[PDB]
Amino acid sequence: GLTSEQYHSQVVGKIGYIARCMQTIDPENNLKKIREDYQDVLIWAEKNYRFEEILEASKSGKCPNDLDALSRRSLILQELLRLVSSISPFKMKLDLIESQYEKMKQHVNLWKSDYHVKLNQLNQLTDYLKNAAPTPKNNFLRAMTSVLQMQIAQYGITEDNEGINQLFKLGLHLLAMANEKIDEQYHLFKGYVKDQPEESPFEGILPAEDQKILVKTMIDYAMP
Amino acid sequence: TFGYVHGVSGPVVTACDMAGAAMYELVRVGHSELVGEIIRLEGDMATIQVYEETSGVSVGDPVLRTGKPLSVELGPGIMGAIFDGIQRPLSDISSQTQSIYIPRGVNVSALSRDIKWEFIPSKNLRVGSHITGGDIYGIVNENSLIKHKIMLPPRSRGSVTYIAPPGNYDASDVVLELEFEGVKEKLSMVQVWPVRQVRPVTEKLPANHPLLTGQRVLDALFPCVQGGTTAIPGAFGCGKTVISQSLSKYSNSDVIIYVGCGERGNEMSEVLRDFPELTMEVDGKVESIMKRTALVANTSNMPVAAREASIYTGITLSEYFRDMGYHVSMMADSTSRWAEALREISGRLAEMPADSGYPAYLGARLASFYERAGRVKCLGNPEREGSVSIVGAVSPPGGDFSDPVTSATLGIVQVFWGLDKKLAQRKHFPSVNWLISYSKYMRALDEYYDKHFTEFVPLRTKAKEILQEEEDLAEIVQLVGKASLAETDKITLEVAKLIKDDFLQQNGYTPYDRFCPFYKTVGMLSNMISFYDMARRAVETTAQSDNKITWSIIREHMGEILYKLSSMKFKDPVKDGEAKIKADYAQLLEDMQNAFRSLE
Amino acid sequence: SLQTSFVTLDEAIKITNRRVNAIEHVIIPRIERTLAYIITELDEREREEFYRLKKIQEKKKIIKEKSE
Amino acid sequence: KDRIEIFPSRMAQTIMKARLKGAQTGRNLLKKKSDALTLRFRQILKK
Amino acid sequence: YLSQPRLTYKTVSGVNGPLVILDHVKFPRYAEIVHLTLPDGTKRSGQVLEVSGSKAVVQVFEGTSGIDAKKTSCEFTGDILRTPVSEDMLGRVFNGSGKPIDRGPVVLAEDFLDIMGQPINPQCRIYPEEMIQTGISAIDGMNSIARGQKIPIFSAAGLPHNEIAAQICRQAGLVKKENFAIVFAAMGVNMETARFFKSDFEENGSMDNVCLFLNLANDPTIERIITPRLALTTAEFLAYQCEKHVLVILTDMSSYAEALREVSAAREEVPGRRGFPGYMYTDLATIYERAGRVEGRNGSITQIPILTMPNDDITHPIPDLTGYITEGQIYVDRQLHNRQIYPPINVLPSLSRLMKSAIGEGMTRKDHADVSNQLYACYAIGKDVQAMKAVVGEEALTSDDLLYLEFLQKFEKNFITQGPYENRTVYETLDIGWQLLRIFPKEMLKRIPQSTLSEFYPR
Amino acid sequence: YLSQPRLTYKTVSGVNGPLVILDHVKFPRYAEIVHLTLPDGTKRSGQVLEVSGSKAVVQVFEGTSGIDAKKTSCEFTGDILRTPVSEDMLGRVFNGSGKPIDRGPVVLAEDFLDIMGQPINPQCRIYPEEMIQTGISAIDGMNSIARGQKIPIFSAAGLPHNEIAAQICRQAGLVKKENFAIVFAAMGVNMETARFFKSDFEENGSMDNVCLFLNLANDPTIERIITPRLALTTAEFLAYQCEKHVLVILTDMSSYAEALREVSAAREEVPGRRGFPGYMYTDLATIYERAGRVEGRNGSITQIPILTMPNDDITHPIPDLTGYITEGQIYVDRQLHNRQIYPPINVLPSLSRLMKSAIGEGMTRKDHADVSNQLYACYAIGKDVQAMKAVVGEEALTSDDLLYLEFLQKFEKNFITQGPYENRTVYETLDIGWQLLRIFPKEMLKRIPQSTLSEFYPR
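Residue numbers (this note's numbering), protein chains in the order written: chain E, 1 to 224; chain H, 225 to 824; chain Y, 825 to 892; chain S, 893 to 939; chain B, 940 to 1398; chain Z, 1399 to 1857.
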């Protein structure tokens, strides 16, 4: 549904986008396989070509000018970037990144995958918290989100680990919970934290200030 | 660039000395600079359609020609605002002019230029990088619900030479400057786009996710899909306004647009009164619906040109937000009023009409509007995918689909929710014929239903069979009075009444039926059909034997089962929990199974 | 039970046949006359629209000739 | 009397055609009722 | 102040029906006004319908008979018909052009208003709520009227629509738990009706707050195109500047629509259905929508226009386009009139859009909404029972059909039938409603919630 | 070839809706194709509709917005619309204008044909013979399509007429007791259905033998008029020049008729019956009759036009004018659809006038004609008995009536109900027929000769 000028212009943008996503996800060029798998578009970036020269290279057929194939490959890189950037504190290992990349690449239609849905759910939880008051509900969501972000960094999002699966269900269920229902808010949080294999599921990943808030919060609810 | 008025006839103005004019360029006619556009040209004389009253326009008045067609300003400040049919903010006209009246030739910028917006860049768009149309280079926090994403205008591309840092900027500040072939384009947060031009996308995709609504009769029988195109014939009290409000409040969508074409003065007021007052739950908090809604208000006493343009303005805003990756749901009040505007203008232009006075191209105008919808892959680096759903509304001169507007609509829209006159007279709400209605998204949604529920598709099939069988049995019962019926036929009639009264009928002003979540709709239908199958099996299995089971025996044996089934609508979602409602319906199924086991 | 179940059949037949005869001789003929009336009158309305549209086209032609 | 006296319209055509179909269906169903009663009547007559 | 002398032309190009075509006119202004002086001194006025070059087409209100094409003098006013308006126009009778007919003086121009109408910003429009208690059970019970509504009365020729409209005027008021000014636009009304309304206002002592605009059936048929715009312009002055509540009665929009058709044909415009101009919708909308409340004011305009329906149908373009613009109707029928029922109002094809919000706890009675719906459905069913009875006979109905038939017969006798000189309140109307509903066993009242039934039904 | 340089004009007399009126044009042709270049560099296509002296009037395919009378240039080609045709275009998808929309190249032509073509000389027309099986039992064992006839599918709006059309494309072929192609044209199709057709043909491997034309609802309305002409022009090339059998399916002829009405209005023609052109009859015949067998060649064209009946009334000019010049009808019903039967084709009101020649020994199987007639009678009786059952009850039925009810239930479940992905050849359809007919004892099969029964009835 594009004109000849619109089609090739859109290709030029996506080529630059991949180069920028590559520098953003892997600023140290540690993922050698990932960079090579995009060399055919990266060769047209990381140098001063000028927009007009790449546009002509697209029109002449020198750049990968198949817009649908380029979108497919671009989306896989972007969704991998979201996985990495949606967890700022906790770092993922290079092997997990390449492993999950391959699984995202092999998936028939990543946009409708379970990986995509889980990433959308994670961003929903993190975006709410970025703009929230430190209320009992919001302190519980922060605590559970930090665990979810940690577990994903350790195990990956493509793996159906029971830890992240439970956390997604409970985190979203609490998020949608009415703000005035303090008893249900605590009941859910207490339920989660007590039914874990760890004595202290929040240790280390939460700073002392957040752990002290959680302890005072549960005292202020239950003590009176 | 300054022509002269040659002759005024109604809202149609003939001008002269406009040799270089192009069709559908905006002009300002008269000393009050009335908004108009060129419809056709003859030599150096232009025929102008005026969007305001032409009283007082003289021969010889100036005509100022501009280089832009009718277009909408798209940028921060849309959400919560009510616009005129040609994009004029009614709340700003009132406050700036301090009068109950709208002045003729009033010029209020569509998006206020005196509001400080919080702009956040993409934080990866370095100077020297390459961008194309549709790219998003920053976000403006209009409110806590909808993030307003600043897109590069379509049909523009180049190298980034300047990007504004994080900060507060007005709608007239330069945010991004890009250079293409030596031409430096300075862009603010507002882009302008012609209303009759379709915003391009990368690919138009099939609609595979449902747009759930609060009415069971609709979702259980004739689903609408995100990116779907439907129409709801007009009928007062039949649910037209309950669907509009429920669709706005509860639906699986991000941005709601409500466009009036020829609304009645007080009905427009009702919408405007409810608009800032209706609320919804978002993430545990109650927020005003206006924050994710932006309507276009146009009453029947407005100029015919604005009555025509209202639809184009609405869909232009809809596509604008579609290109942000949001799911947009656009509700029209009436498309028959749009067709009426086309008939009026076609007459005024003295062009050859077709059936019933309508222009022969009526179908083309409706198709143009209706086909601007669907789930799409958007232009721009982020690879985002949004959708526009369109809900049309054909006011019925009758149930005869020969009506030119009904007929043209039916040939385009995929879902048609026809409202029966006899059900309206009987105060059966929502009033849906459910025999003349259809939805063409069955196969598209079958994947969704089989993935999540697995039970709905076969329940849907059986429910439709029962309703149609009931209509055929009803035709004979009205004649012979049930003197002779098969035992299975008696069950079909009685279960069909259970369905008609306690499943397809609901009072949308009650806490329990203001919105029925789909999981509950499926639960209710599952039990009623399960009853049907067990009641039918019992009488057919014991037929031609000693202990013949009949309906009279079943009703007397387990009368409380029918009461419980008829009570399912009252479980009251949200006040009551999801886990309990599912458990309660599970108990009804277990009780029915034990009731039939003890009967047989 | 023959005679008492028989004259009741003769009465039921006479009532049923009378209703059938009325549908055939009164109600349907009346619907058919109404439908034929409607069809004719609608074509009459179509004609008067044709006349006006034809005259409009001729008046436009006259205006066009005067302009030349 | 002679006509149902519904003002000419395309809506009237739809209503009248549906009304005619209904009347014809009722005629045929009642004719079958009559035939069934007539056969039973004659049988009762034979016995 | 337009202190510029006006030009007067004898350059008449020709006269065709009600239209006078002038040439050699300097800078013609659209919708301007022209004063015509006939060769014998007769004065008449007209309004410009279109301009082109040096030509202009003038619509002559009083008529074109006697106008020649050589001596008639045509003075262009230089402005749009802005009409003199005054708060003391109440207690006066004017003709169709706004001139005195009551031997009083010419209305003194307290101010001028453009009769074309000044559009009101929907943002400042106030949604109507308060119910008007008309006294008529068919209206106050089922199709209630809010103050600021637009609910025309449909009728065919010969029906008592003038009596119902007169009854509403003298019985008008609010539901109590002070009164209306009348602006009465008569368009094509015969003398017998004209004196009927004039006398009724006098006999009830209402004239102190009544302003009549009389364009009679024997008066010019072009003039009546502006008459309704003069009437509403006065209503807008009284309601939005003088803080009055105004009830506006338009005796026939059909003679108005015909007057537009006469002009449309005269200027060889392309018609739509049945010969009427394709823009009839707009010409009606610009009159009907001059109603309602606005922020900052305490007054209001309520419209109750009347429309004669050609051939007793309701698909004729006139009532068809009105239905799309106005907020329901009353619909006065003929089958009820032939049975000597007054008011002969048919509740099934008649609705009131604002009824759902102008009633209920805090405005009328808790049960108002439930009683209305149940009675309506019962009436609709009762009519279907008669449709069957007419074929199968009274001996072929079941018990429920007989209950609906008995309800239907008692409904029209006890509920609809009232008389023109008796008013009943909304609470008295609902009490009667219940008396009719209590004909049925509670199990059949399927449109009333159980809570309402238990509170009211057994009383 | 012409080898004459093209002339480009910047002389524009005016623009009026879809039309651009040019001036000073040298010896213009009627129906000439021209190309416009707008001031913004935008290119548009159009066709000359009127040539009055030097004043050529061209209809622009796309919208005329943005076109001026000062800078827009019009390039004349000197010729009319001629479509490049080849065998290679089979397996391609085109839009209404004949341009590829499948990301493939422009057609590399073997010839150029005028899309209007010529009528086939009746003296060389051969009466239809063999059968083309569709794969759908409801229209193979009951109303077969002869190899050369033209039999329409009438459906109401909302029925699955497009899903059946797609099923025919996937399943249709020769009886096979490599030379068969299908040309599919959708007029006025919406975006969702256009995707359905394109993807469903590609995914199931059928595309190798399909030439698909999609004219979308939002595509130029004039392109919708040539769309079926391009499809038929291709069909004529493939069928008659390349010795193969072509099935042409024209979907939504009602949308075509609406586009034709728009073209008539563009010419300022006075509308005919129900708003449609007075020449709608000859226009439909021009399309439909470009089909059938021809003497001396082994190719053939069949057509299955598919038409939506407005208001489900077969009287409407669209199905009426079509049926008047076609041979029988398939007829898709609503009751069968609401009962969730697919395909919802009603065999009682359907007819194939050429079935007598389509089927029989040497074409399908010996018993074909006999099975069809008996199944029709049994279905008609079963419906009649079902109607009786509703009046007299189950106990009042005799054994023969019960057998007809058993047939009726199993006929619809086994014979008519099929599913979109089950391809039933003619021989399996007949075998299913016999399985249903063997419900009855031999003496009840009155329409099947004893010789046929003895051969086929047992086992």
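Don't be surprised by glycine CBs; every beta carbon is placed ideally from N, CA and C.
- In this structure, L175/E lies away from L119/E, with their beta-carbon atoms at least 8 Å apart.
- Of all residues in the region 1086-1105 of chain B, those with a C-beta nearer than 9 Å to a C-beta of chain H are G1087, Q1088, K1089, reading in chain order.
- When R488/H, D547/H, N525/H, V552/H are compared, the shortest CA-CA separation from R516/H is found for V552/H.
- Between the region 718-731 of chain H and the region 771-789 of chain H, the count of Cβ pairs shorter than 8 Å is three or higher; the stretches touch.
- Between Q415/H and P377/H, the beta carbon gap of about 4 Å places them in contact (Cβ cut-off 8 Å).
- In the three-state reduction of the DSSP assignment, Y186/E falls in the helix class, which pools H, G and I.
- Distance from the Cα of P1741/Z is smallest, within the candidate group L1749/Z, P1747/Z, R1732/Z, for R1732/Z.
- Residue pairing by DSSP places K373/H opposite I363/H in a beta bridge.
- Chain order gives no chain Z residues near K913/S, where near means a beta carbon separation below 7 Å; the closest approach is about 12 Å.
- Of the candidates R72/E, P207/E, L67/E, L167/E, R72/E places its Cα closest to the Cα of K112/E.
- For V215/E, the number of other beta carbons within 10 angstroms of its own is below 16, and it is reported as exposed.
- The continuous beta strand (DSSP E) containing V1456/Z extends over residues 1453-1458.
- Here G980/B is exposed. Its C-beta has fewer than 16 other C-beta atoms within 10 Å.
- Residue pairing by DSSP places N955/B opposite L958/B in a beta bridge.
- Sorting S318/H, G304/H, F742/H, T321/H by C-alpha distance to the C-alpha of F677/H places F742/H at the top.
- Per DSSP, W417/H is one residue of the beta strand (DSSP E) stretching across 415-418.
- A direct Cα-to-Cα measurement between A143/E and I76/E gives close to 30 Å.
- Contact of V1668/Z with chain Y is assigned, a C-beta pair being separated by under 8 Å.
- Residue pairing of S295/H in beta bridges, as defined by DSSP: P418/H.
- Between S512/H and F966/B, the gap from beta carbon to beta carbon reaches 8 Å or more.
- Per the coordinates, the alpha-carbon of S1542/Z lies some 32 Å from the alpha-carbon of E1621/Z.
- For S926/S, not one C-beta of chain B is nearer than 8 Å to its own C-beta.
- For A1467/Z, the closest of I310/H, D268/H, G299/H, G291/H by C-alpha to C-alpha distance is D268/H.
- Within the region 997-1023 of chain B, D1018, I1019 place their CB atoms closer than 9 Å to a CB of chain H, listed in sequence order.
- Scanning the region 555-622 of chain H for uninterrupted beta strand (DSSP E) segments of 3 residues or longer gives 598-601, 611-616, listed from N- to C-terminal end.
- For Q1445/Z, the uninterrupted beta strand (DSSP E) segment begins and ends at 1441-1450.
- For secondary structure counted as the alpha helix (DSSP H) over 4 or more consecutive residues, the region 1627-1673 of chain Z holds these complete runs in sequence order: 1651-1664.
- A Cβ of chain Z is located within less than 8 Å of the beta carbon of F640/H.
- Under the Cβ distance rule, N1709/Z counts among the residues neighbouring chain S, one pair being separated by less than 8 Å.
- Residue-level contact by beta carbon holds for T840/Y and chain S, with a gap shorter than 8 Å.
- Interface with chain H (8 Å Cβ-Cβ cutoff): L931/S is excluded.
- For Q1110/B, no pairing in a beta bridge is given by DSSP.
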